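What follows is the residue order along each chain.
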Protein chains: 2
Amino acid sequence: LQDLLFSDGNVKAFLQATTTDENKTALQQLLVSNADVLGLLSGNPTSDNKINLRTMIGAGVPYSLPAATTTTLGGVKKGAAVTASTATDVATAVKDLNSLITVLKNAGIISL
Amino acid sequence: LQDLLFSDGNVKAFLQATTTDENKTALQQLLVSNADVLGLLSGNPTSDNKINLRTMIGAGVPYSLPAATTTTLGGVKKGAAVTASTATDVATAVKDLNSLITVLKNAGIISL
């Protein structure tokens, strides 16, 4: 009787409660007009769909913290411990300054 | 015959395999109860839907690495190169310490 009453085969499969993946694609298209949402409903959105779906919900991509560069904000590693200076001569004061410089160089806080 | 058999107009459009965007909104509502998922299926989720959709899948927003501050963890730029010290007097040792300080200041590793 459903064959006598309905022409569309995708509708008929829905009414029989047995749909193929192709029937489901067509039925999705009857229910939703946004192309990126149709991409989501397929379970296999294209690259363009993915970008647009994130825009649609205001989502970001997985963020990876980059190392600091001389031009670009980034993360650093924390420098090793450095002892306060008790230097009473120039040689030792210079030794202590250099220890700080190396620590900051080791942590990528300043350039080599 | 479909007009004689079914009262709901959105169902009837589905059975004819021709749905408007309004029909699709109504059919989505027959198929899915979660309001944030319905927002996604529209292709135009509200701000609230977007937040809830990310929560739903455990997704984060696009991460931007902030510069380090005195209160908040952040990225740094790597400091310029600094030569090891071969100072034999106080004046030179102080010159070398100051070179390290400026490098760390230039890279925003320490405050001005």
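Its PDB record attributes the structure to cryo-EM, giving the resolution as 3.6 Å.

Enquirer: I'd love a proper account of helix α3 (residues 21-31) of chain A, names of residues and values included.
Expert: Within α3 of chain A the residues assigned to the buried category are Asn23, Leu27, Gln28, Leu30 and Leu31 of chain A. Projection of α3 of chain A onto a plane perpendicular to its axis shows the buried side chains occupying an angular sector of 155°, all on one side. Away from the buried face of α3 of chain A by more than 90 degrees, exposed residues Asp21 and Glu22 of chain A are located. Tucked into the core, α3 of chain A has its buried residues touching α2 (9-15) and α4 (35-41) of chain A together with α2 (9-15) and α3 (21-31) of chain B.

Enquirer: Provide a residue-level description of the pattern of salt bridges, including the pertinent values.
Expert: Residues and elements named next belong to chain A. Here the structure, examined in full by the defined rule, presents two salt bridges over all chains. Residue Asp3 pairs with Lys12 through a salt bridge whose shortest N-O separation is 3.6 Å. For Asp3, a relative accessible area of 62% translates into the label exposed.

Enquirer: An account of the nonpolar core is requested, with residue identities and associated values reported.
Expert: Judged by nonpolar contacts, the single largest core of 19 residues is most densely connected at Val37 of chain A together with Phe14 of chain B. Only α3, α4 and α5 (47-57) of chain A together with α2 and α4 (35-41) of chain B provide two or more residues apiece to this core. In this structure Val37 of chain A touches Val32, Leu53 and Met56 of chain A together with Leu40, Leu41, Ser42 and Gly43 of chain B, once residues within four positions along its chain are discounted. Membership of the second largest hydrophobic core comes to 14 residues, among which are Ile109 of chain A together with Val76, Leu100 and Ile109 of chain B.

Enquirer: I'd like a description of the relation of the copies chain A and chain B, backed by residues and values.
Expert: With an RMSD of 0.0 Å, the operation that places chain A on chain B is a rotation of 121° combined with a shift of 0.6 Å along the axis. The relationship between the two copies is best expressed as a three-fold rotation axis. Within chain A, the C-alpha atom positioned nearest to the axis of rotation is that of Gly75 of chain A, 1.5 Å from it.

Each value, and the rule that gives it
- Residues numbered from 1 in each chain as written, not as in the entry; some residues may be left out.
- Chains lettered and ligands numbered in written order.
- Part of a larger assembly, values for the part shown.
- Heavy atoms only, no water.
- Buried < 20%, exposed > 50% of the residue type's maximum accessible area, 1.4 Å probe, protein only.
- Helix = DSSP H or I, 4+ residues; strand = E, 2+ residues; numbered from the N terminus.
- Arc of directions from axis to C-beta.
- Contact = heavy atoms within 4.5 Å.
- Salt bridge = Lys/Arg side-chain N within 4 Å of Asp/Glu carboxyl O.
- Core = buried A, V, L, I, M, F, W, Y, C linked by side-chain atoms within 4.5 Å.
- Least-squares fit on C-alpha atoms.

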